[PDB]
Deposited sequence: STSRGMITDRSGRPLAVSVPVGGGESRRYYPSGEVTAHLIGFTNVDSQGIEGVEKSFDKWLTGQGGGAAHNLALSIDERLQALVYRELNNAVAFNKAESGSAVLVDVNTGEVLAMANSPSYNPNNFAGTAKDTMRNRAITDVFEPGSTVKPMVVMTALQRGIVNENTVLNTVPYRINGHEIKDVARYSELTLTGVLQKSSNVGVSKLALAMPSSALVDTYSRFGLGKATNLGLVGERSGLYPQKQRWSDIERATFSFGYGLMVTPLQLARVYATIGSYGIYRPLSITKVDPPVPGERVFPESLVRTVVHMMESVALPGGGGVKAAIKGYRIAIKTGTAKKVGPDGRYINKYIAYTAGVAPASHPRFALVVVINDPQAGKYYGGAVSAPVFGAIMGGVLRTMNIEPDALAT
């Protein structure tokens, strides 16, 4: 008599069979759904967080925000990229930018909850809500928004981007560019450009912006192990600290937290609470940042996926996409977190997606190289499955 867990259209994701739980999508949705005791008590995932409701104490089924179609194609691309790259793990989160609904939440490696007794404990725990990594360059769109808002730069400002040092600390870019446009700063992911941008604003500037986009804040899905990251509450910020903050050092985020950042970008500055339950719209959320300013930086982000930008391998024929790649050293070692985060379609964003691939060991590790292809594969599938009409005008 246990409540049946379904996706947002009623597709069964956990069901009692005459009694035993059966999970029809098995390892595709294992971390989110969780599993139960022999007492049919929930001990992981939604099975645990909604156990009282599942027991009927509060018909008592549960329709998640998940779309199983999207969950399956997300898992397929993610799991096989983690294998192909000999990575420790990967996480992918897709969010509806209008509603805050988690449309997909996948991790690799996964396990089969229909028979989990032998699975390694660490494999069982979800990584999209418990793993915390430094976000790296995925914060630079928030840097650019801040600098514009504070009028320290203008839409077409050209920045000098030659490298330099703060107190002996060398600030350099992947490739050397004398100068870059504001767009170019994002397009080439210029640590110099962002660092110079940060150095002309108080230390509080970026600390406010990142929080407004939800970094350092709880995700509030109510899932066990859910994690809020570490976020800097330093009273005084050092010049090196002030500069490395503009490209993802000194704070730590879960994949879910990052997905919410990009859902707030996608909505042009409306912060919406995440949900794992199907949401009946509208959801008002909070206007955390001016729409015109976010709108402008979203357009600048399209250059990341065009020739010349670092995430061009995420390009999808027919659709504008506004993305940002990242690469972060793990804690420092010669092992890396490969990031691609983005919204689509860029003309009117519907979906925010983050792809995080942890410790790729197949010879390649740069975000644009490792997870940008996966972003394009996933988001291309999402756009088709959701009948989104193409975005790119023939030229």
Exercise. Do you know which deposited regions have no coordinates at all?
Worked result: 1 to 2, 21 to 25, 66 to 68, 342 to 346
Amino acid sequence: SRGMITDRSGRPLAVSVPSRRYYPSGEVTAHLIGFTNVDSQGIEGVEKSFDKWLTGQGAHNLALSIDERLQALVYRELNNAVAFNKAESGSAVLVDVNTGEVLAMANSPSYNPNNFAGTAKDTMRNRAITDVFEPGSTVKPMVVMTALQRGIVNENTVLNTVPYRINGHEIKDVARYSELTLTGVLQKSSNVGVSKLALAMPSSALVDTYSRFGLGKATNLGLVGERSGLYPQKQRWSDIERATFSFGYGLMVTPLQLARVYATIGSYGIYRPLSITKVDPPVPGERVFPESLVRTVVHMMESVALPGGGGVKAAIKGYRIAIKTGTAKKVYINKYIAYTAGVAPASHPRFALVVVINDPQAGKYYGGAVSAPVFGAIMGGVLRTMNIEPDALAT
From here on, numbers count along this sequence of modelled residues.
Problem set entry | Greater mean Cα temperature factor according to the PDB record, 147 to 155 or 98 to 106 | 147 to 155
Problem set entry | Between the two ranges 158 to 166 and 215 to 223, the one averaging a larger CA B factor in the entry | 158 to 166
For this session: Select one of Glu302, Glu77, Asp239, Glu88: the residue whose C-alpha shows the highest B-factor in the crystal structure entry.
Result: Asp239
Seminar exercise, completed: Highest CA B factor of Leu274, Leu256, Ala175, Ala315, as deposited, is found at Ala175
For this session: Just say lowest, middle or highest third for the CA B-factor of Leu293 relative to the other modelled residues in its chain.
Result: highest
For this session: Can you work out whether the C-alpha temperature factor of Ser19 puts it in the lowest, middle or highest third of the chain?
Result: highest
Problem set entry | Cα B factor band for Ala369 (lowest, middle or highest third within the chain) | middle
Exercise. What third of its chain's C-alpha B-factors does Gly310 belong to: lowest, middle or highest?
Worked result: lowest
Exercise. Sorting the chain's CA B-factors, does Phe50 end up in the lowest, middle or highest third?
Worked result: middle
